[PDB]
Amino acid sequence: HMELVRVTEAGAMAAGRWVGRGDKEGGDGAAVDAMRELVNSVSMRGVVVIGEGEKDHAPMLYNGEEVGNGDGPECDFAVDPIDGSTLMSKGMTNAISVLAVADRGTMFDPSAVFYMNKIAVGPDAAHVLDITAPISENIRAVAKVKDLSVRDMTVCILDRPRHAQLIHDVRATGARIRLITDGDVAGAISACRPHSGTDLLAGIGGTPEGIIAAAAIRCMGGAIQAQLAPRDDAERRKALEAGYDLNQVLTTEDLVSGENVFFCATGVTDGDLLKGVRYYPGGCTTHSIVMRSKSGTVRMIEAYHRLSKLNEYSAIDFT
Amino acid sequence: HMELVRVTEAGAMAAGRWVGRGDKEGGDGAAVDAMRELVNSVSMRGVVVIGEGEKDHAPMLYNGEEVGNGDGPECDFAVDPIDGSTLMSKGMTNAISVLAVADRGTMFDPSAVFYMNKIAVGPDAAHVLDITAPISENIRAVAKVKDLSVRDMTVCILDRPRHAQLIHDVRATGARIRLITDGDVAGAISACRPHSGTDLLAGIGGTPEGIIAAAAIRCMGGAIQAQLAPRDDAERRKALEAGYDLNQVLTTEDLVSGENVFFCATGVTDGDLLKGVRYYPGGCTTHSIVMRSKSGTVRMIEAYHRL
Amino acid sequence: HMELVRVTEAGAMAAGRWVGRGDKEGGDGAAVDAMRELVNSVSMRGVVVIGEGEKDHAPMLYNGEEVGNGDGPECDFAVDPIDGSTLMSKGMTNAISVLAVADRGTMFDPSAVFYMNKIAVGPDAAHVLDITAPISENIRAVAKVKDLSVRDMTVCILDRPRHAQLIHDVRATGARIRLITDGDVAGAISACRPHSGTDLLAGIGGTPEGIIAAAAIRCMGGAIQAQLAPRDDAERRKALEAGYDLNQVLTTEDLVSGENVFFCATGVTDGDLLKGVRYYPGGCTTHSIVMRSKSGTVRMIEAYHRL
Amino acid sequence: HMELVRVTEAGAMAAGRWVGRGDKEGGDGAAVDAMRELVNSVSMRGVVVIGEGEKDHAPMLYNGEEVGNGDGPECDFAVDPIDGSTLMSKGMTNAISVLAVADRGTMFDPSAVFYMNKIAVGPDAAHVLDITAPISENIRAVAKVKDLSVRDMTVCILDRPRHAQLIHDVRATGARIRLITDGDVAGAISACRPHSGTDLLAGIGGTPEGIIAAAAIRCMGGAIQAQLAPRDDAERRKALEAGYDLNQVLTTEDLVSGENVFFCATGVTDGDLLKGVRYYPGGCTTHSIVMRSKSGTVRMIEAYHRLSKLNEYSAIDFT
Ligand SMILES: O=P(O)(O)OC[C@H]1O[C@](O)(CO)[C@@H](O)[C@@H]1O
Ligand SMILES: O=P(O)(O)OC[C@H]1O[C@](O)(CO)[C@@H](O)[C@@H]1O
Ligand SMILES: O=P(O)(O)OC[C@H]1O[C@](O)(CO)[C@@H](O)[C@@H]1O
Ligand SMILES: O=P(O)(O)OC[C@H]1O[C@](O)(CO)[C@@H](O)[C@@H]1O
Ligand SMILES: [Mg+2]
Ligand SMILES: [Mg+2]
Ligand SMILES: [Mg+2]
Ligand SMILES: [Mg+2]
Ligand SMILES: [Mg+2]
Ligand SMILES: [Mg+2]
């Protein structure tokens, strides 16, 4: 179902006009609108499971909203218009626009708790992860199964005060850290991609972002392990009376359980996997990735969009 | 509909298992087989107007064969499972696998005349083409528009005895030549893409190949011009009381006039446009180009298939 | 002399062993060490005019240090072992290792004033620059020359409190911004290279970094303009009775006036110009750019070193 | 000694003006002249060991001619201005311009015999070659040591009537053939390059070309084995009374024996390793490879040559 890439293409192109303009909500809204317009044109019967929030504080792509033209089987729809609106609003690297689709009911509930602790690797270390052990243990286990020196392991980590210990422990291990200021959907995918220069994603980030990353891991190979991370005892009580086993280790398939899973993403700014939107006299280029669990096929898709006429402008070159 | 790339992806993956094995027919047939299998699983209602040939000497993708499951409007379908299967069999560069789709009835008749004189150039210099003028004047006007000296120009020409005069005339002007043994669909698309190393395509080649190239040009921009080139007086006989004016310059739209044109190609061997199929233990990678006329969107598609 | 790439190759290979380890000084020092070791083995007679700083608080590549074995004429030498070592330490993109060489005495004084307001653009639009005009008018004139809308433009600006007004004014016009935390040598070279995603560099940054960028621009084309930006009245004091007119617009040649200018850089981490150093069992690959003013030849150099 | 790449850059740029122009001698002469002018500017003390012939039928770069500015140690110089002038003159793929430099006296004598039988592989099969065994044996041995299926082996072979048996035997093995019409210096290097799509070069080609390929193999890793291949009994007698053991198997180090070996090459037409000369409004690009035995460093060098003024033209983009 390659056509879904046009949804993240439209989101990235809409957000491209807000890159560096210091207005996170302006580019968010632009991306959301462009993506909803395109997803309703697609032959698919979606319900927004991960979106912009719930029916009020989210005017569009709210949790529960129906999407697609009506035609198609009913499925779960997850969208992150920009994974890290602040990267977009400041014009820094690695902002991406994201969607995932899976069988109806197979996506974990993103409202369970705001945060989850995470660790993710690529397929050749997919069975040695233990999110309950310290990071040094995970690093050494991944290092050995990969036959690498620990000092050549690279761990992607959100730069946050709450990660002071995790960062220290990775360094004391001797491994390296790629500090990111936002975007652990992108950081999760780079850990799982075979030869990307990051071996591991570790740390607490958003629960919706963990689920969307699980969808991509479901298609691409690898594993993420996660645990819900209540912010305080109030939120801990909520998740407990809601039925959640706060000791459960969530695996990739726990977060997205369908057998038909689809993921795609388009660069908004230049990143370690996707180039951002680039502008030219005649139009723009987008750079996307598309993948499916059923076939395991992964597609890199570079597109030249004519922002109008034919023969009016020069031809277009693609790296 | 992007899904149509899987047809050339299937054709190339099948043809790539025959690259460099010395068997034109074995690779050609595997490619036909795979593309027919896959085209009948896409949501189209198509009719082959360009393919392997007539129903008798061609069991698959024959003229008139209905392809697709098939939903959608009925439309013209044009396949070239490998544009120059000799390239594939000898392991040479620039073998591609190609299909085009357009509104039903909007493709030129591939059987009017076997051969067509062609000239094709990209968007920047399309406006200066005139296939009735001598090749020297097209070269100098294209070169001027491109801000190149004539000696910077590189003209792609099929290596054939029939092109001795054309080749002499291009050499006389001072331009460089890229002689190709086969494949003037690939050669035409290269003339129209930037930074390909080819600035112009010229000479006589297959009429079906001219039509497929025009479908691509409808999508990515540029222009091809063409004039039917009857082999003998019997074909000129056949051509004129079919109703064809052979002083008529065919433009891109005369060859493919649909408002809804689709084109895609996948590399079989490495070329100046697309990498060829690469195999490895877990799978294979294909490199494709996809384009549509109504949007003008051109897509480069690298696919890692896990077999 | 192409051989000088090995100095930045050595600086980057040393700095790459520190990428992502949280130690600014450890990577910076390893890079200094490796570049000093290697520069003294090339056939040059150079004098560091831009490096690590004064002889007291900088043992290596200090101001005045003679480098090379050394043959050849005496010349100006300028090193930046890592342009923004924070980038290296946090594993962020666009860390490069840089050197420039020019005729002796032809580089501007890096110590006149600490900071310089800059604007830099590539060859196509260099002729429209005016650093005295408002940033909005430079953007619209550059954009027109490039045949871009203003909203297609991407302006690179160091993320600093001092740039709040500049950033507001660029946002007011509608252009996009690429905010960088460090490294306006890399940012300047990116403004001047095509298809980099950056169309313009603007704002205040280090005077030594402006000079190194100008050496590069002397070689690959484009223009930088600059105006000294004294921090306090004491520096304006210092600047004026040094003899500087601070209504004076500095052009590229005012910063580096040699007829013989050399520039090279090697990637430390991945950037919009150069891939970073990649290690593997047998060895490592570096990605470099090399350029000279008298020929204008620009060289991209990928090196597979077997360790 | 990176500056030597400017010699093959000048040869390729001079030959670029003759690509497809149907005049092999015209582009040969242009390349020869441009290369000699640049090599005499280089600080080096060369004697042309492999050149355009001997002092008469070769006006320039003749066997024995001295090259370089005088400064420098004395060394052996081998130059092939275009490896396959017919590829150049017809505008077909894989024409390259080549030079090699080694310690004085360490290059085999290219006049010993016109032809030599050859087989070459990359470093991971460098010890399983036996040029005296049939090709099927070599293919299976290389296939096993590389852990590949034979049917995935690709053998580069000059398309020649004299190779009818060799071609048949490769196919009957099940391996694939990349037929080339000229240029077994380029075909040798592609066999030795690790992931180029050709695994093997086999067959009889020119003796100078085998020696130049040995120089590149000396730097890059791999091995070539060769035997002289007399064209008739007249030539067989010559090589015999000259002292040559016609049964000797020549190894890489027999063909080029120095410990300081240098090789570089520049594309003239587009090839499987180097792009050809490409022209632009402002100038041209060349694509070169440079390597040294002493360090084993291999350099890919893409250069933009301004065929004149600064700021007068557009900027330049490199894949
Ligand atoms: O910004 P917080 O509160 O630390 O939460 C982290 C989350 O924010 C993002 O960086 C951007 O929304 C996500 O990538 C990540 O999951
Ligand atoms: O081989 P012929 O008869 O000259 O016809 C040329 C045609 O053959 C092909 O090389 C493939 O059969 C086409 O690319 C080209 O149009
Ligand atoms: O960090 P400051 O004081 O604003 O100075 C900016 C300078 O710092 C650097 O980021 C590196 O120190 C340079 O690229 C830049 O010119
Ligand atoms: O052309 P011949 O006589 O078969 O000899 C082969 C030689 O010719 C070349 O193809 C070009 O001179 C060389 O690459 C090869 O060594
Ligand atoms: Mg997010
Ligand atoms: Mg990885
Ligand atoms: Mg064909
Ligand atoms: Mg700096
Ligand atoms: Mg030769
Ligand atoms: Mg190989």
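One is the number of the first residue shown, and numbering goes on along the chain from there.
Any Cβ shown, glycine's included, is placed from N, Cα and C.
Positions annotated as Mn(2+) 1 binding site by Swiss-Prot, on the basis of similarity to another entry: D:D28, D:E52. Long-range C-beta contacts of D:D28 (Mn(2+) 1 binding site), restricted to its own chain and to partners at least six residues apart, with a cutoff below 8 Å, comprise D:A15, D:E52, D:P81, D:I82, D:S85.
What Swiss-Prot records for D:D80, D:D83, D:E209 is Mn(2+) 2 binding site, and it gives similarity to another entry as the kind of evidence. When other Cβ atoms within 10 Å of the Cβ of D:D80 (Mn(2+) 2 binding site) are tallied across all protein chains shown, the result is 29.
Every protein chain considered, the tally of other Cβ atoms within 10 Å of the Cβ of D:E209 (Mn(2+) 2 binding site) stands at 26. Across the binding-site residues listed here (D:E52, D:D83), the residue whose Cβ sits among the most other Cβ atoms within 10 Å is D:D83.
Only D:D83, D:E209, of the binding-site residues D:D28, D:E52, D:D80, D:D83, D:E209, place a Cβ under 6 Å from an atom of ligand 4. Taking D:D28, D:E52, D:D83, D:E209 as the candidate binding-site residues, the subset whose CB lies under 6 angstroms from any atom of ligand 9 consists of D:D83, D:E209. Excluding D:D80, D:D83, D:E209 themselves, the residues of that chain whose CB lies within 8 A of the CB mean position for the Mn(2+) 2 site are, in sequence, D:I82, D:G84, D:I96, D:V98, D:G183, D:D184, D:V185, D:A186, D:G206, D:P208, D:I212, D:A213.
For the recorded site, D:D80 (Mn(2+) 2 binding site), the DSSP three-state label reads strand.
In the three-state DSSP assignment, the secondary structure recorded for D:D28 (Mn(2+) 1 binding site) is helix.
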